[PDB]
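See below for the structure under consideration.
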RNA sequence: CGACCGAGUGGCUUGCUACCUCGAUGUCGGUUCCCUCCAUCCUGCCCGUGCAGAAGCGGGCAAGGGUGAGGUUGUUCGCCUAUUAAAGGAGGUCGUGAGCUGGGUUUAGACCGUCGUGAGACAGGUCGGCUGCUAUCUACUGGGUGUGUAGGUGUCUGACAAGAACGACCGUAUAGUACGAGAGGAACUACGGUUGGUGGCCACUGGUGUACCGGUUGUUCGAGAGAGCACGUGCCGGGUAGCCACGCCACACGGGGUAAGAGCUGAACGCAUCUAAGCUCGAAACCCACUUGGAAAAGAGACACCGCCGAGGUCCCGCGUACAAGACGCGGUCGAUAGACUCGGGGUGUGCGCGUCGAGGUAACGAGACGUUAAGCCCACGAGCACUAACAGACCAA
RNA sequence: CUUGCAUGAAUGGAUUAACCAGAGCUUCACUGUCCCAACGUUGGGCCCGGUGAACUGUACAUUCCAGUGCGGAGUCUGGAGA
RNA sequence: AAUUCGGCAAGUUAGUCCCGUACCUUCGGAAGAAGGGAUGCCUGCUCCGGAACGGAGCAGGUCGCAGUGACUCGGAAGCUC
Ligand SMILES: [Cl-]
Ligand SMILES: [Cl-]
Ligand SMILES: [K+]
Ligand SMILES: [Mg+2]
Ligand SMILES: [Mg+2]
Ligand SMILES: [Mg+2]
Ligand SMILES: [Mg+2]
Ligand SMILES: [Mg+2]
Ligand SMILES: [Mg+2]
Ligand SMILES: [Mg+2]
Ligand SMILES: [Mg+2]
Ligand SMILES: [Mg+2]
Ligand SMILES: [Mg+2]
Ligand SMILES: [Mg+2]
Ligand SMILES: [Mg+2]
Ligand SMILES: [Mg+2]
Ligand SMILES: [Mg+2]
Ligand SMILES: [Mg+2]
Ligand SMILES: [Mg+2]
Ligand SMILES: [Mg+2]
Ligand SMILES: [Mg+2]
Ligand SMILES: [Mg+2]
Ligand SMILES: [Mg+2]
Ligand SMILES: [Mg+2]
Ligand SMILES: [Mg+2]
Ligand SMILES: [Mg+2]
Ligand SMILES: [Mg+2]
Ligand code: NA
Ligand code: NA
Ligand code: NA
Ligand code: NA
Ligand code: NA
Ligand code: NA
Ligand code: NA
Ligand code: NA
Ligand code: NA
Ligand code: NA
Ligand code: NA
Ligand code: NA
Ligand code: NA
Ligand code: NA
Ligand code: NA
Ligand code: NA
């Protein structure tokens, strides 16, 4: 993929429960896999900011629940490093549901976003309320 | 830059930037300031703080 | 079905034993390209800080922008090429033929060497040119030593001797070039060899850590779960199969870790200068105050503070040189905090 | 794609045999850690196609590297999910219990079903049910003391030895191009990043930090002040140095020779023919390149200087860039090696005492608030500084 | 649901509130069980003075790679290394 | 909880007072179900009682990140055999 323009310490694992920052109808999401990743023996597969993950819907509307969909990580508690040395961290862990073409499934995003996510998913960013 | 807590100057190539739920932003100079804030304390009430001084 | 997995550690840096010479010894030299010249210099590790630079990389989407980069500070005072040694080509490899010395020696060179009181700088030189005429001349290298006395932060006054190769134009021309550097008094500086912005190979003897176990030494796992509570916490499962009925040297065991020689490639030189611009408030921890001939190396360097580190022009650079990077800020903040 | 029939190779399954062990070679499955095989799953390079392209299908060379995470089940096996370049198989006493685990098989207790007159049985199920030992030898990982080469100091050489020190992926430009009715849809090359592996480092972020400073509960020292105990910090808050990873730095290209394969010249055989002689190319594979070890390489090495009555060394003393003993490195008054003192640079968070305020209370009394006071206390770092201690001095040696 | 290889009525059948260091499964909370390990504390370990056993011992013994042999060899055979 | 046969080991919760409390049930119980709030010190007081160096409350003031401040001190709910 295109370079993020920042270093990321993955703060999420396979099985992690995170926040779905949108209005698709899904509230809580569970990470199942990370696109393009292949780890090593005994290592629990990891995900972080700017990564595209496969997810299952834990909470939300009856229809959205149990559905296996794709998503993009937008915010994470573990710190990341900007090119100027400064560290940046968020209040929670969140991702936005997305389709085959990387276009947000919902109509609106809930909460802030990392400027770095724009360099990868412009159509997701071009729906952002706040880009920090 | 200047620490949004103690007020001293943040040495370049140093510090952290916490992003709040609403999208607000707080640049910290050191862990000490981060931790005092987490206790619910306010820089103006601490004598060692430039803000307070 | 037992998943596949790469082995613990590398078999290429052994045997993992204590280094014989604390002073590193390069086993490779650059190619003879441009003009003649010495292919290496040395200094003493001081400590680290950070700097702000303008993006030099023409292929970066950020070129021209600010960028924070970590730097290891190294004091690089002038050294002295005290002699010119020549090698001859024989059916058994290269062998030392003869050496050419001087009269001007440092006041404390006698703390290590038995300084020459009677020498013949001509007979030796003659022998070298005769051999060159014969087409048996191998290569040309200068015997160099540092001046620890110049660096106050370093306790030792007793110099560090090392043989550095000289390469360049024609054998004849660099033979002459060498002779000149020596005759003077051998005095030379980092400027004469390196320019800010080039890539160098830094060698050194790492920080010793005495005896250590397999987990640390080889990077093997700790016992997991229930196994970690039985009587074994940091010991590998087995020393090998039933047959072969012997312990193979490839299995991870305990021993000496650190204090080995390593040669780290493609280290970029950020700035060669003098004075006290890079010194830290309160002094570098466990080292002291820097004020004089120094060198700013990108990233880390093998070894602890005070240890002798050697420079050599990168023998296998991955990129092209981008000279004199624009430095906008050198942190002087205290390293205590 | 491929029946029938025919000829084989392996030694993973199963069966047969009864050679070895019954004065015992500890079970299955798993785990950890090391080496290997090729009948190749991916990755390199090739050939054919019912090969337009793109995606395939089949075949050749090839064992460098890789081949991962999970849900049921003790399971091996196998079924299932989401990822992936791919998530290949097999050997090492079905590798591995003087390494671990103990869920299954297969002790003694008990239940159910079937069988039995009954004790009891079952190649049926089920709950419970123990893991001994101070390493003599050999083997390897690391550390020393001697002898050989036959005075010492410093610098090297390189027979050999180890390496995966690197493997792989995504993206951009090429290009919505070549190809194609259209749908769809590449490549050489150049760039940016990710992942797995590897070596080192701590400016930055993070952890620790029973150094340190502060708050506060219970109790004892009459109160106050200042302190002890409460597991080897009572608890709570912050945390320097160092050590660390979750942090940061570095890890080719290119040559040489080949395999499969593509060809040149070319004969036996006037022609043809990549081959028989000769030659041009051509694999992640081989050799070099690069990193690490390496004068005990018995052909036991080379050079320069000092010295053979004196060069150099051990002991001693102050210390660590070093360290389990030993070893290693540095300084020793021709001195800044350690300590004291003073600065500087740091950690806490405003000392005791006094003064004012203080809800109230006749008063006594009074939790607490402001000031004095970036105060008080503290430091595993640096500088200054010979004040103190590196003194006296012993021995070996051509 | 059920055709029960081979359930069934005091060889007791069905069933059940309360009780349980009894067998199986699920959720919230929690966490170094794990990802993936780090630093620290106390007692040992290591060096020194004193005290001072036992297990085991046909012999020889610096081994490695193959082979052979009663088909699972430090000792036989050929090499290699030392 | 991704660990493992299995959450084994460790951890979590915790004292007291007020509010409040499901299915089922042999009507006893289930039940501390669950869930929610409070908690120190200083000042002056009210009520019960003969009184306590007994107990229950009120008003105002006031410090800390934290008032069962250490210690002491349950993790909870459901299904089946
Ligand atoms: Cl996955
Ligand atoms: Cl284990
Ligand atoms: K037997
Ligand atoms: Mg596993
Ligand atoms: Mg045990
Ligand atoms: Mg620091
Ligand atoms: Mg800082
Ligand atoms: Mg045995
Ligand atoms: Mg083959
Ligand atoms: Mg192999
Ligand atoms: Mg076995
Ligand atoms: Mg195996
Ligand atoms: Mg064994
Ligand atoms: Mg055993
Ligand atoms: Mg044992
Ligand atoms: Mg069992
Ligand atoms: Mg069982
Ligand atoms: Mg059982
Ligand atoms: Mg002899
Ligand atoms: Mg104590
Ligand atoms: Mg009856
Ligand atoms: Mg599980
Ligand atoms: Mg598992
Ligand atoms: Mg338990
Ligand atoms: Mg009364
Ligand atoms: Mg408590
Ligand atoms: Mg059952
Ligand atoms: Na034990
Ligand atoms: Na134990
Ligand atoms: Na065994
Ligand atoms: Na056969
Ligand atoms: Na026997
Ligand atoms: Na086993
Ligand atoms: Na291979
Ligand atoms: Na399985
Ligand atoms: Na066996
Ligand atoms: Na076993
Ligand atoms: Na056992
Ligand atoms: Na080649
Ligand atoms: Na020798
Ligand atoms: Na019956
Ligand atoms: Na009982
Ligand atoms: Na722990």
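Count begins at 1; order follows the chain as displayed.
When the header is checked for method, it gives X-ray crystallography, 2.9 Å.
Just so you know, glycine gets a Cβ as well, placed from its N, Cα and C.
Swiss-Prot lists B:3, B:6, B:29, B:33 with the feature Zn(2+) binding site. Secondary structure from DSSP puts residue B:3 (Zn(2+) binding site) in coil. The local packing around residue B:3 (Zn(2+) binding site), expressed as other Cβ atoms within 10 Å of its Cβ over all shown chains, amounts to 20.
What Swiss-Prot records for B:3-33 is zinc finger, and it gives a curator's inference as the kind of evidence.
For the zinc finger (B:3-33), the list of distant contacts is 43, 48-51: same-chain residues at least six beyond its ends, Cβ to Cβ under 8 Å.
Close to residue B:33 (Zn(2+) binding site) in the fold, though at least 6 residues off in sequence, lie B:3, B:5, B:6, B:43, each with a CB less than 8 Å from its CB.
Note: residue B:29 (Zn(2+) binding site) has non-local neighbours B:3, B:5, B:6, B:8, B:9, B:10, B:11, B:14, B:15, i.e. same-chain residues 6+ apart with C-beta under 8 A of its own C-beta. For the Zn(2+) site, the Cβ centre of B:3, B:6, B:29, B:33 serves as reference, and the other residues of the chain with Cβ at most 8 Å from it are B:4, B:5, B:7, B:8, B:10, B:28, B:30, B:32.
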